[PDB]
Amino acid sequence: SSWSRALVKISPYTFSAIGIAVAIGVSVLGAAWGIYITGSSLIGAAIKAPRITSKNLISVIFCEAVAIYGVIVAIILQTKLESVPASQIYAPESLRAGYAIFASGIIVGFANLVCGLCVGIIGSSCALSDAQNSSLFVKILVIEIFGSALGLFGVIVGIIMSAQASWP
Amino acid sequence: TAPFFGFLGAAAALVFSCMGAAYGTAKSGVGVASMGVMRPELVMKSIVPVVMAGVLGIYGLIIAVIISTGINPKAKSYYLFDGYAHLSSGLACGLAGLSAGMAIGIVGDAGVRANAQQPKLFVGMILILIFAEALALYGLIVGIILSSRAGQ
Amino acid sequence: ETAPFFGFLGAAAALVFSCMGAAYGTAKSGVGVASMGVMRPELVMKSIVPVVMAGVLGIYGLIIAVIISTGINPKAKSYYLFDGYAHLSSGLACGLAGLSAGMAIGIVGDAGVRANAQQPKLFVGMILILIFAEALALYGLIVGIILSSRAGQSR
Amino acid sequence: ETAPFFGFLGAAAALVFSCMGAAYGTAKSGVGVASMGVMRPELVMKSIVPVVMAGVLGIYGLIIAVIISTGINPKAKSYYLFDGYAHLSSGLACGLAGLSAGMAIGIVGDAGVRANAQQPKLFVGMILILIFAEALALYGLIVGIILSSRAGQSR
Amino acid sequence: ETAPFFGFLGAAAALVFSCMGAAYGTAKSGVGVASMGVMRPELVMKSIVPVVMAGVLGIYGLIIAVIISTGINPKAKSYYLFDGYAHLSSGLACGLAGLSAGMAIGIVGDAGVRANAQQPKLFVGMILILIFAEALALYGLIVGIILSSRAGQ
Amino acid sequence: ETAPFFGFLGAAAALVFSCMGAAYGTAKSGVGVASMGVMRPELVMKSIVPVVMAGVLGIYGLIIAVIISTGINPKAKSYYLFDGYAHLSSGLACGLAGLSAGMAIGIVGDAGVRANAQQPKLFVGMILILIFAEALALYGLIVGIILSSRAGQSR
Amino acid sequence: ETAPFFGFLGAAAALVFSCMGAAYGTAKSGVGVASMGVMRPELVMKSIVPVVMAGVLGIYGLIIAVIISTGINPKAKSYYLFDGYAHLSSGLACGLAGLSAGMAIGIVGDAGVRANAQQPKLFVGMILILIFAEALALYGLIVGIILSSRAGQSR
Amino acid sequence: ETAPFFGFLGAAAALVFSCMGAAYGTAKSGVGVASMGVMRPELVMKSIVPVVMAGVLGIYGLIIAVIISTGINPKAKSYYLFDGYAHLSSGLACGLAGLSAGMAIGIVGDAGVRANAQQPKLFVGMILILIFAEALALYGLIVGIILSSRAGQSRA
Amino acid sequence: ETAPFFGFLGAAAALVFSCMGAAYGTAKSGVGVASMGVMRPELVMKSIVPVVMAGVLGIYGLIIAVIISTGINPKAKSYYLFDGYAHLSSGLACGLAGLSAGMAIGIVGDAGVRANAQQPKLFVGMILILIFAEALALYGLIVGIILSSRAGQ
Amino acid sequence: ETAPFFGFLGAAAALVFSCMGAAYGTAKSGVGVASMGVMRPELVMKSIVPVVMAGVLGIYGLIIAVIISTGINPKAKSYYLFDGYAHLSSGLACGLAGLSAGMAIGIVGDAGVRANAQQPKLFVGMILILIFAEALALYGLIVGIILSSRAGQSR
Amino acid sequence: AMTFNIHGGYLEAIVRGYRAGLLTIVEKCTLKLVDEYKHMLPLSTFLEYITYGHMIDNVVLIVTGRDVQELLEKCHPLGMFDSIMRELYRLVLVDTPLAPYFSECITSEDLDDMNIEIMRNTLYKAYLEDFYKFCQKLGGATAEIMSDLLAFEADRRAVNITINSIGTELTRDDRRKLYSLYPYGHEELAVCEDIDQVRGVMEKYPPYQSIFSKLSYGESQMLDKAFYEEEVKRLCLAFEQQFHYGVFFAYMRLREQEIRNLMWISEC
């Protein structure tokens, strides 16, 4: 009853900051996990030759691109913050803007982390295969490019979602 | 806002479905590595499904972009019923999409094993992958119905 | 309003649960189907069918959501919220029925298709066994949306 | 107002749990029958009976769910809040009894498939054992129906 | 007030829990009986008894639930909290006791299938153990019945 | 007021926990008895003693719970939360003590049955051990009696 | 006021936790004693000490619970939150000490049962460790006495 | 006025956690000693040390509990609200320190009892490790005393 | 109002998370280095990259925490629930990112130690991988610094 | 009103977490030192250092707790919210950092104790690794001290 | 299978590379494989179980009793584990899961492990304990392959028993027990007492079926050679080389098969 009515009220600025920051944090965590998987794969096959190391470097470049996308998203969210006066931080329009920003951050960061984990696993398998067969390198690069394209798609989604806020 | 959060979740659920299908794409690529360890032609054949799976996620991102274009809440006021309907339908679509992505990953692993072996029922493996992609497309289409199901 | 909210929640739960169970069954049966197909291409054609059947059942379960989208009518007169809760219950029941029956069908079809490598007639037997539960899954999923559409009168 | 929503949720629980029990039964029976067919393809037909029993239990659960879904109109029948909750309870109890009966029937069906691999007299005995297990589903459905009728009695 | 709702829910929980415990025990006893029949048809006939003994618990739980459902009536008395709470608690106790007894009966049934496969006096001891488990179930049911009979408020 | 809720809940919990403990003890004792009978059917006769002790402890817990419950008479005394709280505490303590005692006694009885199958004096040793384990049930009964008295001490 | 809900809960919890710990310890000690008796009857006779320790722990827990219950005099003492809080604290301390002592006693009993077969001097020494654990439990009980005595400030 | 409930809870909890840690450490040390038995029966003196450390930890816990109980005097300087929470904080610190010390002491004592049978020349090192471990319990007792000290000033 | 409490909690959580992640990565890397150094002690002396990366992670965490603490100046700015909530969340996200990066980098270095033990080419490759991981950590630190700068407004 | 109480609670939790981490590290180092002493008594003397490091970390945590306790002063200011908040945050951060560093240092020392027995040369590098591990905790303690110095939040 | 990416990737990759690298001389190859395993020292448990079987062999060589130390040294250090007569068998039981069952079967120590027939039962019990240790991997596809191989070994043992050990007076119930989940139950092959009759029933076993085929060499042989073709097939099962799983035991088996092929080639 009373608790149900109370639960509605929330502070939009906290949600906006969470959307600005947690997405970048999760993207960084996913990129780190992918980089760790790639590094383990490279350590496994470092015996033979550094072509697998070059493939892992391409994967790390994809991870760094994901990180740069997260940094750009954070910068945009810093810019995308609405007027949101300290006094006027209770309007329902501010709540709608906060919800939109949180949705943008959730869609961005989670997809970025999933793409990073996928890229890490694919790069590990690709490094193993390249260590196995010398000929198969372009096929590995194809999967790496696919992971990078997934990260870029997430970045583009964040860029589109940048224009969401409606707070006063 | 509660209606804003409901519609946002309605879209982000299909977004998360695509993100989950990215895991099936990763499994397909992992299998494709072993498949191409045998023959580079099999490597290309197995790699193509990974590119298709990534294109599926790109399409999900495009759908999210369309949702962001339509995200403006001034045009339509959503009540408790509307927000609940949107969120529930989106979540159902997202669950269906994640399940389809998992099935697609399993089928991709099986097809990678087949390509590592001789061609054999490569057509059948492609048919199974097509069935998984058709389930994913059915979920994506069902999402549009709920997206358009708004207003008085 | 409360009634359309609950009705739509149940209708979507129908599709979500039915699709989840159907996809779990599809993966289970498809493991054995792929095993049989790798064993011999002759059994591959027969063993391919149950996977397509499970996919079709899942697609039907998903489509039932589109039908149930008209089961609850917010644009129409709002009756007591208990009617919408009844629609919610009907949808949840349909989803759980589809999930359970599809999962069972696929679990059986896993070993059925996997063993079909030995005997080709085992493929026919596994197809029959899988259909015996897939039909129940689809029937329950459809019947739930039907009941959700029907119970909205509220006297 | 508290009555019909609760009772419908109980019908949902009935359908869900009956489906889950039928799912356990069907999955276990199919898994056993897949191995059984390899040994004796002719004996596969005999082992199909537990699958039929599980399907019958699921159909009974679905029928009870449809019956409970019927009567949702407030003017059609008198339903005090405790009466609707009693209908909910009837549905939930019948569904859970069917679920447990279905799981037990599935385990017994796997055992019966193993016994079919053994001397067929053991399979004949396991058939009666499975029938005795399935009787629990009918008992639970009867109890649920009786309690649903008592719930229908209201003021 | 709304307490008879909770009382009916408790009676349903009694029935469901008793049925669940009894059916789990019956499944275990059926697996044991299948093993015995694979071993010796002589053990097959006797091994059927624990399944029926377990199902007796489910039947008793269903009967108790039916009695409790008959207990709730607006004509008998106006809605009140104490009677509904007492009925719900009695049902919960009866159902929990039945489920525990069914699980114990199933474990004892598997052990007794093995014992009957071992020796006949072992089968007699298993029958005695099953009798003890049934006595425990009956004691729980009687306690629940008394608690329901304490329905004055 | 709400005191009967707590009192009835404690009465139910006592019986439930006592039944669970008795079930665990009986299962362990039955496993031990089956092992002894397989080893030596003649020695199996004396092996039933731990099972009898566990059943007696369970019955005593059940009897204490019934006695505590019978004391609750709303017509006898007006609404007082003290009596309900005392009854609930007595039930909870008695049930927990009975459950722990039953589980421990069952484990000890299985071990002692194995040892008695090994050596004869081990039977006397296990009997002494079970007599020691009965102290938990005795303490639970004493605590239940004390709480029942405190229930009447309410004013 | 709310004192019965606190005091009765604490009194029940003390006995419950003490009984559970003592039961687990006695079960471990009984398993070890059965192993020793299978090895040698003399070790079985020697292994009685852990049972005595478990019984002492249970008796201490029961005594603490009895003291706490006797502290409850609502007729003489006005309903204060402090009075119930003191009893609850004493009960919690007693129960936790009993459970810890029971676990330690079970471990020590298994160790000493092994040692008795290993060497009589080892068992004689481990008796000292068991006595030390019992002394720690007694110290906890004594702190419980001070906790109970603190209730005097409330009237 | 509701603070004394929290104070009594903390006072009980300190002793409870200290007893739990001591019991765990003592059980571990006893199992280790019994394992070391027979092989090196002369090492009874060495095996006695971890039990002594566990007893010392238990005694420290009881002392902290007694101090906390003495702190609770509602007759003078009404507890207000800070007294109960301060008592709870002191009790929690004491109990946590006791549990940590007990676990560490049990593990180290098991290791030392294992090392007792072969090359007993490291008895000095084992005793040093045990003393370094018990230093943690001593520091916890000191911290609890320091916390209990500030309780009186909170009255104003 | 309660904004300083939220900001202090966020800064504390940031510091704790960064310290925990650095500790986990350092523990993994040190265990790997100790395992690898058993064969050839000469290669062990070269294995100081784990120490360098652990120190870098710790220094980054400490710097971020100090910067966040400096931002808490009640005399300069009365602050608001919005500003405090933003600063706390930003700091916590920076700390979490640093912790994840450090944990992943330490996990990589654990195998990199054995790789370096195998050959020097694997050593320089692991050095490059650790450099990339440290670059990611520095990017997270810079993001946290920018976020703290935003808290000034 | 009660915020400084929460601050004192956090201060106590700081010492609690620091002691837990130090105890874990000390236990690991003790196991390693026992193994080394079993190997050679000479390595035992050189292996004492990690235990001293863990004790120093614990002493640093205790010192931080004492400083926090000194921070609480009724005469300093009236009931203020920020005093509790800053103190609790500092304590929680310091305790978490100390516990994590202690666990990491314990694992490192456990590895290094075994490593040094085979080869004494790597002990030098192990010392540097442990020094860095302890320096991380020292930096965390300094950061916590900074927050404690941040006391004058109001005026 | 993301657990492989999360942790253990490098060791799995190294094991896979060592496996793919390998496609008197046999002793040298086995020693090289042992050195590779030691350098390496999930899949680790499977490799440990394979080494446990290879050490059960060397322990049965050592439990009996002739330059036994020299014979153990000639064997691979993986087969001849450094950690390691009734006393000899009891010492072998420590650090080797397979040995205690062999000691239990060999009630008379070396006498009950005579190389003629009794050592066959002792090594069968050792292999049963090694299979229990493999089953201690909590299941898996590699566990399924190990169960199939153990069933093949049990069927071969039962076939050899019915062929020759009837003269050795090994009891039919004991021989079936001597011939070991799947290995445990082989009543179909033990139903037929006649050697010619029992050979068909043993070939009817799925591990022996479809692999032995004509079985001019194989099922006719005694000892454990009935499933020789099935062993090569199980080696070809590892030829699938599916990643993200535990196949270190498969790698060791492939290396041993390569060593055996090199020995069979011998000169030219």
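Residues numbered from 1 in each chain as written, not as in the entry; some residues may be left out. Chains lettered and ligands numbered in written order. Part of a larger assembly, values for the part shown. Heavy atoms only, no water. Residues with missing side-chain atoms left out of burial classes, pairs and counts.

Regarding how it was determined, this PDB entry cites cryo-EM in its header, along with a resolution of 4.3 Å.

Student: Can you walk me through the overall build of chain K in this structure?
Tutor: Helices and strands together make up the secondary structure of chain K, namely 14 helices and zero strands. If you list the helices and strands of chain K from N to C, you get α-α-α-α-α-α-α-α-α-α-α-α-α-α. The globule rule puts the C-alpha radius of gyration for 268 residues at 18 Å, and the 18 Å found for chain K is close to it. Taken along the three principal axes of its C-alpha coordinates, chain K extends 55 × 45 × 40 Å. (Helix = DSSP H or I, 4+ residues; strand = E, 2+ residues; numbered from the N terminus. Rg over C-alpha atoms; globule rule 2.2 N^0.38 Å.)

Student: What am I meant to see in the overall build of chain E here?
Tutor: A tally of helices and strands in chain E yields five helices and zero strands. Mapped in sequence order, the helices and strands of chain E form the string α-α-α-α-α. Overall, the C-alpha framework of chain E stretches about 60 × 20 × 20 Å when taken along its three principal axes.

Student: Looking at this structure, I do not really get the packing of helix 3 (residues 81-115) of chain C against helix 1 (residues 2-39) of chain D. What am I missing?
Tutor: For any two helices packed against each other, one specifies the crossing angle of their axes together with the interaxial distance. Between helix 3 of chain C and helix 1 of chain D, whose axes approach to 8 Å, the crossing angle comes to 5°. The orientation of helix 3 of chain C with respect to helix 1 of chain D, classified from their angle, is roughly parallel. When its residues are assigned to classes, the contact of helix 3 of chain C with helix 1 of chain D shows 25 nonpolar, five polar and no charged. (Axes fitted to C-alpha atoms, helices over the stretch in contact; angles between N-to-C directions. Parallel < 35°, antiparallel > 145°, perpendicular 65-115°, else oblique. Nonpolar A, V, L, I, M, F, W, Y, C, P; charged D, E, K, R; others polar.)

Student: Explanation requested: the interface of chain D and chain C in the structure shown.
Tutor: One frequently used descriptor of interface size is the decrease in accessible area upon assembly of the parts. Across the contact, 19 residues belong to chain D and 17 residues belong to chain C. Residues belonging to the side of chain D that touches chain C are distributed by class as follows: 14 nonpolar, three polar and two charged. (Contact = heavy atoms within 4.5 Å.)

Student: Got a minute to help me understand the UniProt feature "transmembrane region" in chain E in this structure?
Tutor: Residues and elements named next belong to chain E. Under the UniProt annotation, "transmembrane region" lies at residues 5-25, 48-68, 88-109 and 122-147. Along residues 5-25 one finds 100% helix and 0% strand; the C-alpha atoms at either end are 30 Å apart. Helix and strand shares over residues 88-109 are 100% and 0% respectively, and the end C-alpha atoms of the span are 31 Å apart. (UniProt positions renumbered as here; feature names shortened; annotations may be inferred.)

Student: What should I look at first to understand unusual backbone geometry in this one?
Tutor: For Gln119(H), which is not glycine, the phi dihedral falls at a positive 55°. With respect to the helices and strands, the residue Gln119(H) is situated in the loop between helix 3 (82-117) and helix 4 (123-149). Its identity as a non-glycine residue notwithstanding, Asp95(K) has a phi of 70°, on the positive side.

Student: Whenever I open this one, the arrangement of the chains confuses me. Can you help?
Tutor: Contacts are most numerous between chains C and D, considering all 12 pairs of chains that are in contact. As for chain G relative to chain E, no contact occurs, and the smallest C-alpha gap between them is 18 Å. As for chain J relative to chain G, no contact occurs, and the smallest C-alpha gap between them is 19 Å.

Student: What's the story with the packing of helix 2 (residues 12-45) of chain A against helix 3 (residues 51-80) of chain A in this structure? I'm lost.
Tutor: Residues and elements named next belong to chain A. Close contact between helix 2 and helix 3 brings their axes to 9 Å; oriented N to C, the two are set at 175°. Taken together, the axes of helix 2 and helix 3 lie roughly antiparallel to each other. Contacts from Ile-20, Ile-24, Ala-31, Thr-38 and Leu-42 of helix 2 reach helix 3 at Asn-56, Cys-63, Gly-70, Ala-74 and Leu-77. Considering only residue class, the contact of helix 2 with helix 3 consists of seven nonpolar, three polar and no charged.

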